[PDB]
Number of protein chains: 2
Amino acid sequence: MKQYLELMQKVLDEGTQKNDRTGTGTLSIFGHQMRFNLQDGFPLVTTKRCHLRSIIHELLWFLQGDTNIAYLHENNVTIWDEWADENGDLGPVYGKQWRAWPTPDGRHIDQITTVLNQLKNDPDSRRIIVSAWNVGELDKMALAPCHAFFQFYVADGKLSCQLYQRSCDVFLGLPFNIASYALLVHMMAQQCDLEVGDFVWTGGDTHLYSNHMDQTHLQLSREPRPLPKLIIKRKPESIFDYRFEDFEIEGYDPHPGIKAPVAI
Amino acid sequence: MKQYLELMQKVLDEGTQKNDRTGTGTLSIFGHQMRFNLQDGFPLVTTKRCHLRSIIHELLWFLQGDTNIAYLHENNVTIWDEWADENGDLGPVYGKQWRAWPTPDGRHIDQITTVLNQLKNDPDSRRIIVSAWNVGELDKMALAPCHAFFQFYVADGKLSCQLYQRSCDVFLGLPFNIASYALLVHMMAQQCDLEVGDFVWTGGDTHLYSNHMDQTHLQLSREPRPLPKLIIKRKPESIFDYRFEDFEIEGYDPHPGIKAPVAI
Ligand SMILES: Cc1nc(=O)c2cc(CN(C)c3ccc(C(=O)N[C@@H](CCC(=O)O)C(=O)O)s3)ccc2[nH]1
Ligand SMILES: Cc1nc(=O)c2cc(CN(C)c3ccc(C(=O)N[C@@H](CCC(=O)O)C(=O)O)s3)ccc2[nH]1
Ligand SMILES: *c1cc(=O)[nH]c(=O)n1[C@H]1C[C@H](O)[C@@H](COP(=O)(O)O)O1
Ligand SMILES: *c1cc(=O)[nH]c(=O)n1[C@H]1C[C@H](O)[C@@H](COP(=O)(O)O)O1
């Protein structure tokens, strides 16, 4: 989509070569922001084919508060397999922090129903935030939160969200991370009787792995297609009540898929 | 500064009227990014005289892990007075989270020592982060962290920093918060023998209070002037050892100060 392909060109035009944790090497920029108006269409990348099925299941998993991959395995999603231990555990990553952030005096905060209650009862709050960056449990996590912190905002009956992604693999994770949060914004807005506004993506270390260069130029030679449309077929009683079958993407005609190795 | 006045105008042309928690009223936008190259000069606003003494003592108060305004008073800095209790405490705000984030099991993480050790031993890390947004202690704080989360980055021997500020009073808090983190970048870079890079500012709810319209219009009438340069006179033996006397600003020629009421 125009924003995404301009980001790729930007990393190529001004990225600095950097060595990294996995030993693969990246081309990197620091600091970027893009905005997607969710009323223009659902932001699912069309210059390569993305698997919506994996995106939806991972988001339903996060919302259930789950951090073990068995659910994802029951649904034929293997995107988190490489970081899971022998028991299928990833440690207190996203789902646990969203649904049960532990306090130092023995409580657990459910940040997702806190946010829902804020949007319903106090939508002009400047504190409507969900953080996955829990400094005291970072060491128990298989991988530190890439999409770390996000904030909601309501203006003129529309819900907007801004995500700070501290680390971003542009080719592989970012198509998935944009679609996932746009989906979350449609579900929140449906629960609060709000319209969808903007998804704003802000990035920290935004990079392209050295072994993704050919597939990046191949993708960069393609014209974006019209954006698909998201249809939710049901309003569940709670945001924790949605299921895969409630969503319908319409009009998605992508270019061929492009395979790329994930750096572990 | 060009970017600062540009944001100021953008909030006026684009802002939506919001009833906020103080019953004052704001015009706000959501999602904004600004980039300051620290090689070009220290970003202290010149279209109004800013008081650097207050900026320095607050940042030094933060690095000492102190949340009691007694120290600020010892140095006659009055900025946090309206939020402290009968004993001068603000609760576990900025300073406490930066130097002793409480783990669920009773320990504390010093995020500043962690960051110094990462910049020295692993500068390619994509995890060099300080979070003041401690979900389990927010209810104890007099005001929730405005400048909430920040990340360091190193490329080509230069140290960059991005701040995510979830709530921003453009006229009062922002000149102050920008100078504050530019200063911290200069001190970290000196301790880690790096050159300064970019200070990237990203805002969430970015606003102008209804009772600052006149002084915002006054400020928008003034030509920005060349940026000052910062000199750190002494190299302390740790980042916890700077003192007010070690910093000099040079070439700071501002337009006259502009007085404006704070919303409490
Ligand atoms: C280096 C690295 N980059 C990543 O983007 C990344 C992503 C996740 C998890 N995640 C959020 C994923 C999103 C997309 C993925 C992926 O493997 N995509 C394949 C297709 C998988 C499928 O069939 O659905 C692809 O798009 O080619 S994995 C975990 C660690 C990571 N590590
Ligand atoms: C509504 C609100 N807006 C703020 O910007 C704000 C800022 C702080 C703390 N802070 C970050 C402060 C920075 C600057 C301030 C101020 O009143 N400045 C005056 C005079 C003080 C001085 O610097 O000598 C000025 O800049 O002229 S207060 C606390 C609560 C807030 N509340
Ligand atoms: C992490 C997880 C996700 O959902 N999407 C992402 O883009 N990533 C990427 C970022 C980086 O390339 C790697 C995580 O490694 P690190 O912790 O930043 O070193 O996966
Ligand atoms: C908070 C403190 C700071 O250092 N900088 C800021 O700009 N502010 C402002 C933001 C907002 O106007 C107010 C805090 O109120 P709220 O918690 O956002 O409702 O102070």
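Throughout, protein chains are lettered first and strands after them, A, B, ... in sequence-line order, and every chain is numbered starting at 1.
Rounded to the nearest 0.5 angstrom, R127(A) CZ and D205(B) CG are separated by 11.5 Å. Rounding to the nearest 0.5 Å places OG1 of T67(A) at 13.0 Å from CH2 of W98(A). Separating the OG atom in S125(B) from the OH atom in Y153(B) is a distance of 12.0 Å, to the nearest 0.5 Å. Here the straight-line distance linking atom CG of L159(A) with atom CD1 of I128(A) works out to 8.5 Å at 0.5 Å rounding.
Partners of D169(A) by side chain to side chain donor-acceptor pair (under 3.5 Å), not counting sequence neighbours: none found. Looking at residues two or more places apart in sequence or on another chain, you find no salt bridge (charged side-chain N to carboxylate O under 4.0 Å, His left out) involving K229(A). For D241(A), the side chain to side chain donor-acceptor pair (under 3.5 Å) partners two or more places apart in sequence, or in a different chain, are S238(A). Remark: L7(A) pairs with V11(A), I29(A), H32(A), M34(A), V170(A), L174(A), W201(A), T206(A) by the side chain to side chain contact (heavy atoms under 4.5 Å, CB included) rule, at least two apart or across chains. Under the rule for a side chain to side chain donor-acceptor pair (under 3.5 Å), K10(A) has no partner lying at least two apart in sequence or in another chain. For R21(A), there are no salt bridge (charged side-chain N to carboxylate O under 4.0 Å, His left out) partners, not counting sequence neighbours. For the side chain to side chain donor-acceptor pair (under 3.5 Å) test, no residue two or more places apart in sequence or in another chain qualifies with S210(A). Applying the salt bridge (charged side-chain N to carboxylate O under 4.0 Å, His left out) test to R35(B) and every residue at least two apart in sequence or in another chain returns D198(B). Scored by the salt bridge (charged side-chain N to carboxylate O under 4.0 Å, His left out) test, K233(A) finds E248(A) as partners (sequence neighbours excluded).
The aromatic rings of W133(B) and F149(A) lie perpendicular to each other, with more than 60° between the two planes, well past the 30° mark.
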### Task
In sequence, state the C-alpha distance, the side-chain angles, and the governing distance for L44(A) and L227(A), and then conclude on side chain to side chain contact (heavy atoms under 4.5 Å, CB included).
CA-CA 7 Å; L44(A) 184 59; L227(A) 236 34; over 6 Å; no
### Query
What do the steps show when you test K140(B) against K96(B) for side chain to side chain contact (heavy atoms under 4.5 Å, CB included), and what is the final call?
CA-CA 12 Å; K140(B) 268 64 92 84; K96(B) 193 277 195 82; over 6 Å; no
#### Entry: From CA spacing to verdict: side chain to side chain contact (heavy atoms under 4.5 Å, CB included), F247(A), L183(A)
CA-CA 9 Å; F247(A) 304 101; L183(A) 202 48; 4.0 Å; yes
### Task
Before giving the answer on side chain to side chain contact (heavy atoms under 4.5 Å, CB included), spell out for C146(B) and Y94(B) the whole-Å C-alpha distance, their side-chain angles and the decisive distance to 0.1 Å.
CA-CA 9 Å; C146(B) 296; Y94(B) 310 102; 3.8 Å; yes
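Under a 3.5 Å cut-off, the side chain of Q97(A) and the backbone N or O of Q111(A) do not form any donor-acceptor pair. Between the side chain of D20(B) and the main chain of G25(B), a donor-acceptor pair closer than 3.5 Å is present. Side-chain atoms of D66(A) come within 3.5 Å of backbone atoms of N68(A) as a donor-acceptor pair (strictly under, hydrogens ignored).
Checked by atom type, the side-chain pair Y4(A)/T47(A) shows no donor-acceptor distance below 3.5 Å. In summary, the side chains of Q162(B) and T202(B) do present a donor paired with an acceptor at a separation below 3.5 Å, with no hydrogens or angles considered. Between the side chains of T22(A) and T24(A), at least one donor N or O sits under 3.5 Å from an acceptor N or O.
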Please list every donor-acceptor pair under 3.5 Å in which a side-chain atom of residues 112-124 of chain A meets a protein atom from a residue at least two apart or in another chain.
unit_1  : atom_1 : unit_2  : atom_2 : d
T114(A) : OG1    : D110(A) : O      : 2.9
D124(A) : OD1    : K18(B)  : NZ     : 3.2

Residues 50-60 of chain A, side-chain donor-acceptor partners within the protein, below 3.5 Å, at least two apart:
unit_1 : atom_1 : unit_2 : atom_2 : d
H57(A) : ND1    : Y71(A) : OH     : 2.8
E58(A) : OE2    : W80(A) : NE1    : 2.9

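Nearest approach of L27(B) to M213(B), heavy atoms of both residues: CD1-CE, 3.9 Å. Across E237(A) and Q191(A), no two heavy atoms sit closer than the pair O-OE1, 4.0 Å.
For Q9(B), the CD atom sits in a packed shell: over 12 heavy atoms of surrounding residues, nucleotides or ligands are nearer than 6.0 Å. Within a 6.0 Å sphere centred on CD of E223(A), heavy atoms belonging to other residues, nucleotides or ligands number 12 at most. In this structure, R49(A) places its CZ atom where only 12 or fewer heavy-atom neighbours from other residues, nucleotides or ligands lie under 6.0 Å away.
Residue pairs that meet the ring pair (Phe, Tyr, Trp, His ring centres under 6.0 Å) test with at least one member in residues 170-197 of chain A, sequence neighbours left out, are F42(A)-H186(A), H147(A)-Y181(A), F150(A)-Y181(A), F171(A)-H212(A).
A 4.5 Å side-chain heavy-atom check between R166(B) and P145(B) finds every atom pair outside the cut-off.
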